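Contents: one structure, followed by commentary.
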Amino acid sequence: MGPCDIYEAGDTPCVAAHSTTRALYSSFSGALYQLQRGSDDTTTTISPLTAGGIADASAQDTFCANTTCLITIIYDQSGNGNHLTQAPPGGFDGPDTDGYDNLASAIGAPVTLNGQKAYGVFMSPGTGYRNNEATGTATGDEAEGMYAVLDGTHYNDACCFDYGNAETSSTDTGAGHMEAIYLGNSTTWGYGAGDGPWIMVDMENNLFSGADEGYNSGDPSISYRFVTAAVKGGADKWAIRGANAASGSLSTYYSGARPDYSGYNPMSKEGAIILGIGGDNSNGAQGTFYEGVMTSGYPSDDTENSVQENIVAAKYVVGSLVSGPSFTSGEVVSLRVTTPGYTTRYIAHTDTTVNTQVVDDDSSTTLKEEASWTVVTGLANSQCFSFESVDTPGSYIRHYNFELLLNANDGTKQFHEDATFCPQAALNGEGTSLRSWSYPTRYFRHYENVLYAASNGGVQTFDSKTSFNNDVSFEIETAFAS
Ligand SMILES: *[C@@H]1O[C@H](CO)[C@@H](O[C@@H]2O[C@H](CO)[C@@H](O)[C@H](O)[C@H]2NC(C)=O)[C@H](O)[C@H]1NC(C)=O
């Protein structure tokens, strides 16, 4: 049995089931999600290898070879048609065309389930999915349960990395008009103990970590690489239960009556489904979604325990984020442009601006150093890497407003994430392509001889698809600074 077979047996059937990694029903063999590649904007679907099995990652790799891919749709496996598509603008506009939120990269969250390769949904700030015409989802004060397997190490404090029930108008219609899982360390509303992140329940105009608005000591920080967040709500009752998705049981962080504030009892759920954003489309949060469902009815603890048992059995393990030549920590290199007509240029920097310049044996000692980089273990992820300036030790290449800058490491999580890049076999076959760890839809890309963290097509001029593949491919050579 799969998670939804378990919920069905527990008398609280799934009304929405989403996952890019595996089938959530033992009998499901349909499409798990849809992909769209940047080379020609064509699409294709990825289905389980077998009924109730793991996604066919090989099919994705084949379709996405020598180009970039986006996850356009996360299909609803229940049959209710509650598929998740690109989230629309609402109370807040997204950063994409006409206010839509960004689609997620198809390769930002590689994993293996019991040894089989699969891809999760790595969501950077601005990314979001939604379905504002869902069927079967609880409305009003109707009871529902839900869970999601997330990455407890991928999060931030901006509103709001949610998965669950929200408004069908994509706007904030008041307290009680939402009921969704939240994972992050926002403290604007509720928050738990420690540094976070915390699993909280977004009931609109409030993220709740317990009965009181604001701080609630009963909700602990949970930072497992794979987190199972289980939330449920019914008539004047709700609960938060969490666990290490890779091992053990769910622990109850909260179970009791609704927060005693106007609008939360009875609830006024609208039934829309959101992923990675807030009800009003607040889109500043980040996180990773692997699988999750929403049910009709209030799940018993026993039913959820069986679901957690199943998740553990799926055996989630982190996958490889790197491919191609790659590097070794401590190694010093110079990166050469491969785009025809700019092949004598190297990645360098003029003060804080990262750019490309013609550097050769005749260059000054200073310029040779500005075109030389010490490759160190990724500041935000040990699999990837960070690039430290040779002339300016202590400073690394980092993206800011999608421009690559050379700034001093302040030791903060944010800097670390902005400064971590994962090597990928060059899209044009020449060398390597450095993919941003925090924004996997973006890569080192030279445009007008300046370096950016650009996507294959986008709202920024430097996201131009023209010569993208060549512009994000660099040959790794001996450092000029020796
Ligand atoms: C959420 O967690 C992060 C990570 O611990 C906090 O970020 C730090 O941010 C402050 C404020 O900018 C800096 O003094 C620290 O140097 C940062 N620490 C790290 C480890 O990066 C963030 O402040 C937290 N947010 C809230 C609202 O509590």
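Convention: chains lettered A, B, ... in structure tokens order; per-chain residue numbering from 1; ligands numbered from 1 as shown.
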
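Inspection of the environment of ligand 1, which uses only C-alpha atoms and all ligand atoms and a cut-off of 9 Å, identifies the neighbouring residues as residues 155, 156, 157, 158, 184, 185, 186, 187, 188, 191, 195, 196, 197, 410, 411, 412, 413, 414, 415 and 416 of chain A.
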
For residue 5 (chain A), work out the shell of residues within 8 Å, counting only C-alpha atoms and skipping chain neighbours fewer than 6 positions away, then give it as an mmCIF file with C-alpha atoms, in the first residue's frame.
data_model
loop_
_atom_site.group_PDB
_atom_site.id
_atom_site.type_symbol
_atom_site.label_atom_id
_atom_site.label_comp_id
_atom_site.auth_asym_id
_atom_site.auth_seq_id
_atom_site.Cartn_x
_atom_site.Cartn_y
_atom_site.Cartn_z
ATOM 1 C CA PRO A 13 -9.227 9.375 1.640
ATOM 2 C CA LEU A 24 1.367 7.546 -3.744
ATOM 3 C CA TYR A 25 -1.116 4.797 -4.652
ATOM 4 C CA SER A 26 0.021 1.205 -5.136
#

TODO: Write out as a ChimeraX atom specification which residues come within 8 Å of residue 426 (chain A) when counting only C-alpha atoms, dropping same-chain ones fewer than 6 positions away.
DONE: /A:66,324,432-433,472-474

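Using only C-alpha atoms for every distance, the candidate list A:399, A:315, A:83, A:442 yields A:83 as the residue closest to residue 133 (chain A).
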
Open item on the list: I'd like the contact shell of region 341-357 of chain A - 7 Å cut-off, only C-alpha atoms, skipping same-chain residues fewer than 2 positions apart - returned as a PyMOL selection string.
Closed with: chain A and resi 334-339+359+370-371+404-407+449-451

Residues from last step as file, N, CA and C atoms, as a PDB file, in the first residue's frame:
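That gives us again-v7.pdb:
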ATOM      1  N   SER A 334      41.178  29.023 -13.559  1.00  0.00           N
ATOM      2  CA  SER A 334      40.801  30.164 -14.373  1.00  0.00           C
ATOM      3  C   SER A 334      39.710  29.558 -15.249  1.00  0.00           C
ATOM      4  N   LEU A 335      38.638  30.307 -15.472  1.00  0.00           N
ATOM      5  CA  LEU A 335      37.518  29.810 -16.256  1.00  0.00           C
ATOM      6  C   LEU A 335      37.407  30.563 -17.574  1.00  0.00           C
ATOM      7  N   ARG A 336      37.516  29.824 -18.675  1.00  0.00           N
ATOM      8  CA  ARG A 336      37.476  30.408 -20.012  1.00  0.00           C
ATOM      9  C   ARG A 336      36.140  30.299 -20.743  1.00  0.00           C
ATOM     10  N   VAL A 337      35.748  31.403 -21.368  1.00  0.00           N
ATOM     11  CA  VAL A 337      34.511  31.485 -22.141  1.00  0.00           C
ATOM     12  C   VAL A 337      34.631  30.596 -23.377  1.00  0.00           C
ATOM     13  N   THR A 338      33.545  29.920 -23.741  1.00  0.00           N
ATOM     14  CA  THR A 338      33.565  29.042 -24.906  1.00  0.00           C
ATOM     15  C   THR A 338      32.686  29.557 -26.043  1.00  0.00           C
ATOM     16  N   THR A 339      31.979  30.654 -25.800  1.00  0.00           N
ATOM     17  CA  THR A 339      31.109  31.234 -26.817  1.00  0.00           C
ATOM     18  C   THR A 339      31.935  31.763 -27.989  1.00  0.00           C
ATOM     19  N   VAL A 359      42.413  37.825 -20.859  1.00  0.00           N
ATOM     20  CA  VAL A 359      43.560  37.648 -19.980  1.00  0.00           C
ATOM     21  C   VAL A 359      44.475  36.623 -20.631  1.00  0.00           C
ATOM     22  N   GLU A 370      43.005  38.436 -10.624  1.00  0.00           N
ATOM     23  CA  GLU A 370      41.578  38.731 -10.705  1.00  0.00           C
ATOM     24  C   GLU A 370      40.863  37.718 -11.592  1.00  0.00           C
ATOM     25  N   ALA A 371      41.637  36.978 -12.379  1.00  0.00           N
ATOM     26  CA  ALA A 371      41.091  35.964 -13.273  1.00  0.00           C
ATOM     27  C   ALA A 371      41.415  34.568 -12.747  1.00  0.00           C
ATOM     28  N   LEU A 404      26.331  38.565 -10.761  1.00  0.00           N
ATOM     29  CA  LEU A 404      27.404  37.923 -10.009  1.00  0.00           C
ATOM     30  C   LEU A 404      28.346  39.000  -9.493  1.00  0.00           C
ATOM     31  N   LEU A 405      28.535  39.022  -8.178  1.00  0.00           N
ATOM     32  CA  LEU A 405      29.398  40.004  -7.537  1.00  0.00           C
ATOM     33  C   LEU A 405      30.467  39.318  -6.705  1.00  0.00           C
ATOM     34  N   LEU A 406      31.553  40.037  -6.444  1.00  0.00           N
ATOM     35  CA  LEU A 406      32.626  39.516  -5.607  1.00  0.00           C
ATOM     36  C   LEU A 406      32.503  40.284  -4.303  1.00  0.00           C
ATOM     37  N   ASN A 407      31.933  39.633  -3.292  1.00  0.00           N
ATOM     38  CA  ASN A 407      31.740  40.254  -1.987  1.00  0.00           C
ATOM     39  C   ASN A 407      32.372  39.424  -0.879  1.00  0.00           C
ATOM     40  N   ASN A 449      29.584  40.665 -21.760  1.00  0.00           N
ATOM     41  CA  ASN A 449      30.833  40.495 -21.018  1.00  0.00           C
ATOM     42  C   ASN A 449      30.742  40.689 -19.507  1.00  0.00           C
ATOM     43  N   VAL A 450      29.538  40.552 -18.960  1.00  0.00           N
ATOM     44  CA  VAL A 450      29.327  40.668 -17.518  1.00  0.00           C
ATOM     45  C   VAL A 450      28.711  39.345 -17.058  1.00  0.00           C
ATOM     46  N   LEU A 451      29.044  38.904 -15.847  1.00  0.00           N
ATOM     47  CA  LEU A 451      28.511  37.644 -15.333  1.00  0.00           C
ATOM     48  C   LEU A 451      27.226  37.796 -14.529  1.00  0.00           C
TER      49      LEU A 451
END

Could you produce a table of the residues of region 154-204 of chain A lying within 10 Å of region 92-114 of chain A, with the nearest pair of atoms per residue and their separation in Å rounded to one decimal, using only C-alpha atoms, ordered by chain and increasing residue number, as a Markdown table?
| residue | atom | partner | partner_atom | distance |
| --- | --- | --- | --- | --- |
| A:170 | CA | A:92 | CA | 8.6 |
| A:171 | CA | A:92 | CA | 8.0 |
| A:172 | CA | A:92 | CA | 9.8 |

- [ ] Within 10 Å of residue 27 (chain A), counting only C-alpha atoms, which residues show up once you throw out same-chain ones fewer than 5 positions away? Write them as a ChimeraX atom specification, please.
- [x] /A:1-2,5,50-53

Open item on the list: Under the rule that only C-alpha atoms are counted, which of A:368, A:166, A:386, A:378 is the nearest residue to residue 480 (chain A)?
Closed with: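 Smallest distance to residue 480 (chain A) is found for A:368.
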
Task: Those in region 299-464 of chain A with strand (DSSP E) from DSSP, as a VMD selection string - done: chain A and resid 316 to 318 332 to 337 345 to 350 353 to 358 373 to 377 385 to 389 395 to 400 403 to 408 421 to 425 432 to 436 443 to 447 450 to 454

Save out the residues we just selected, C-alpha atoms, as a PDB file, in the first residue's frame.
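Contents of the output file again_14.pdb:
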ATOM      1  CA  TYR A 316      14.762   8.901   0.934  1.00  0.00           C
ATOM      2  CA  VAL A 317      18.463   9.639   0.470  1.00  0.00           C
ATOM      3  CA  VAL A 318      20.172  12.723  -0.935  1.00  0.00           C
ATOM      4  CA  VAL A 332      42.995  27.164  -8.138  1.00  0.00           C
ATOM      5  CA  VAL A 333      41.558  27.713 -11.599  1.00  0.00           C
ATOM      6  CA  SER A 334      40.801  30.164 -14.373  1.00  0.00           C
ATOM      7  CA  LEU A 335      37.518  29.810 -16.256  1.00  0.00           C
ATOM      8  CA  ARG A 336      37.476  30.408 -20.012  1.00  0.00           C
ATOM      9  CA  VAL A 337      34.511  31.485 -22.141  1.00  0.00           C
ATOM     10  CA  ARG A 345      38.019  35.876 -22.409  1.00  0.00           C
ATOM     11  CA  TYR A 346      38.102  34.571 -18.834  1.00  0.00           C
ATOM     12  CA  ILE A 347      35.902  35.079 -15.797  1.00  0.00           C
ATOM     13  CA  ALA A 348      37.467  37.872 -13.771  1.00  0.00           C
ATOM     14  CA  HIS A 349      36.299  40.855 -11.770  1.00  0.00           C
ATOM     15  CA  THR A 350      36.659  44.614 -11.661  1.00  0.00           C
ATOM     16  CA  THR A 353      31.730  43.268 -10.601  1.00  0.00           C
ATOM     17  CA  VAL A 354      32.257  39.750 -11.937  1.00  0.00           C
ATOM     18  CA  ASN A 355      32.857  39.872 -15.689  1.00  0.00           C
ATOM     19  CA  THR A 356      34.829  38.388 -18.571  1.00  0.00           C
ATOM     20  CA  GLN A 357      38.114  39.848 -19.755  1.00  0.00           C
ATOM     21  CA  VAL A 358      40.842  39.044 -22.228  1.00  0.00           C
ATOM     22  CA  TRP A 373      39.836  31.488  -8.393  1.00  0.00           C
ATOM     23  CA  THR A 374      40.398  29.228  -5.407  1.00  0.00           C
ATOM     24  CA  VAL A 375      37.717  26.535  -5.468  1.00  0.00           C
ATOM     25  CA  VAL A 376      36.517  25.574  -1.996  1.00  0.00           C
ATOM     26  CA  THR A 377      33.886  23.255  -0.547  1.00  0.00           C
ATOM     27  CA  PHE A 385      31.546  24.591  -4.521  1.00  0.00           C
ATOM     28  CA  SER A 386      32.270  28.254  -3.874  1.00  0.00           C
ATOM     29  CA  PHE A 387      34.778  30.455  -5.674  1.00  0.00           C
ATOM     30  CA  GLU A 388      37.161  32.633  -3.685  1.00  0.00           C
ATOM     31  CA  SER A 389      39.070  35.494  -5.311  1.00  0.00           C
ATOM     32  CA  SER A 395      35.618  37.285  -0.899  1.00  0.00           C
ATOM     33  CA  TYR A 396      33.591  34.939  -3.090  1.00  0.00           C
ATOM     34  CA  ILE A 397      31.492  35.073  -6.228  1.00  0.00           C
ATOM     35  CA  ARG A 398      27.857  35.434  -5.159  1.00  0.00           C
ATOM     36  CA  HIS A 399      24.641  36.333  -6.923  1.00  0.00           C
ATOM     37  CA  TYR A 400      22.639  39.375  -5.832  1.00  0.00           C
ATOM     38  CA  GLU A 403      24.165  39.687 -10.927  1.00  0.00           C
ATOM     39  CA  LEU A 404      27.404  37.923 -10.009  1.00  0.00           C
ATOM     40  CA  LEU A 405      29.398  40.004  -7.537  1.00  0.00           C
ATOM     41  CA  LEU A 406      32.626  39.516  -5.607  1.00  0.00           C
ATOM     42  CA  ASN A 407      31.740  40.254  -1.987  1.00  0.00           C
ATOM     43  CA  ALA A 408      33.264  39.423   1.383  1.00  0.00           C
ATOM     44  CA  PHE A 421      27.294  26.686  -7.235  1.00  0.00           C
ATOM     45  CA  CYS A 422      27.049  23.112  -8.474  1.00  0.00           C
ATOM     46  CA  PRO A 423      29.119  21.954 -11.466  1.00  0.00           C
ATOM     47  CA  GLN A 424      27.128  20.417 -14.306  1.00  0.00           C
ATOM     48  CA  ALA A 425      28.439  18.889 -17.535  1.00  0.00           C
ATOM     49  CA  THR A 432      31.419  22.891 -17.104  1.00  0.00           C
ATOM     50  CA  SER A 433      28.236  24.856 -16.431  1.00  0.00           C
ATOM     51  CA  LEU A 434      27.939  26.261 -12.910  1.00  0.00           C
ATOM     52  CA  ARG A 435      24.367  25.987 -11.646  1.00  0.00           C
ATOM     53  CA  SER A 436      23.246  28.112  -8.704  1.00  0.00           C
ATOM     54  CA  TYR A 443      23.647  29.451 -14.142  1.00  0.00           C
ATOM     55  CA  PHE A 444      26.880  31.420 -14.437  1.00  0.00           C
ATOM     56  CA  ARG A 445      26.145  33.298 -17.677  1.00  0.00           C
ATOM     57  CA  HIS A 446      28.097  36.037 -19.408  1.00  0.00           C
ATOM     58  CA  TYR A 447      26.038  38.705 -21.155  1.00  0.00           C
ATOM     59  CA  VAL A 450      29.327  40.668 -17.518  1.00  0.00           C
ATOM     60  CA  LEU A 451      28.511  37.644 -15.333  1.00  0.00           C
ATOM     61  CA  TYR A 452      24.986  36.896 -14.136  1.00  0.00           C
ATOM     62  CA  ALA A 453      23.064  34.018 -12.587  1.00  0.00           C
ATOM     63  CA  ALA A 454      20.797  33.686 -15.618  1.00  0.00           C
TER      64      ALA A 454
END

- [ ] Kindly indicate which residue among A:307, A:427, A:87, A:367 lies nearest to residue 39 (chain A), using only C-alpha atoms for the distances.
- [x]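 Selected residue with least distance to residue 39 (chain A): A:427.
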
Open item on the list: So that I can check the surroundings of residue 417 (chain A), please list as a PyMOL selection string every protein, DNA and RNA residue that reaches within 8 Å of it, counting only C-alpha atoms and ignoring chain neighbours fewer than 5 positions away.
Closed with: chain A and resi 379-380+437-438

Keeping only N, CA and C atoms, write those residues as a tab-separated table (two decimals), in the first residue's frame.
chain	number	residue	atom	x	y	z
A	379	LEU	N	29.90	26.56	0.33
A	379	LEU	CA	29.55	27.18	1.61
A	379	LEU	C	28.17	26.79	2.13
A	380	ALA	N	27.23	26.50	1.23
A	380	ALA	CA	25.88	26.12	1.63
A	380	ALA	C	25.58	24.65	1.39
A	437	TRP	N	23.07	26.87	-6.62
A	437	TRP	CA	22.44	25.92	-5.72
A	437	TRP	C	21.10	26.45	-5.21
A	438	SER	N	21.07	27.73	-4.85
A	438	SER	CA	19.84	28.32	-4.32
A	438	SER	C	18.77	28.64	-5.36

- [ ] Skip region 140-148 of chain A itself and residues of its chain fewer than 2 positions away, then list as an MDAnalysis selection string all residues within 8 Å of it, counting only C-alpha atoms.
- [x] chainID A and resid 12 137:138 150 163:164 181 227:235 265:270 289:299

Task: Using only C-alpha atoms: which of A:273, A:180, A:121, A:211 has the shortest distance to residue 286 (chain A) - done: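 Checking each candidate against residue 286 (chain A), we get A:121 as the closest.
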
- [ ] Can you work out which one of A:241, A:130, A:154, A:258 has the shortest atom-to-atom distance to residue 308 (chain A), counting only C-alpha atoms?
- [x] A:241

Task: Nearest to residue 41 (chain A) by atom-to-atom distance, counting only C-alpha atoms, from A:64, A:9, A:74, A:275 - done: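 Closest residue, counting only C-alpha atoms: A:64.
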
Open item on the list: Please report the interatomic distance between CA of residue 67 (chain A) and CA of residue 34 (chain A) in Å with one decimal.
Closed with: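 Separation of CA of residue 67 (chain A) and CA of residue 34 (chain A): 15.9 Å.
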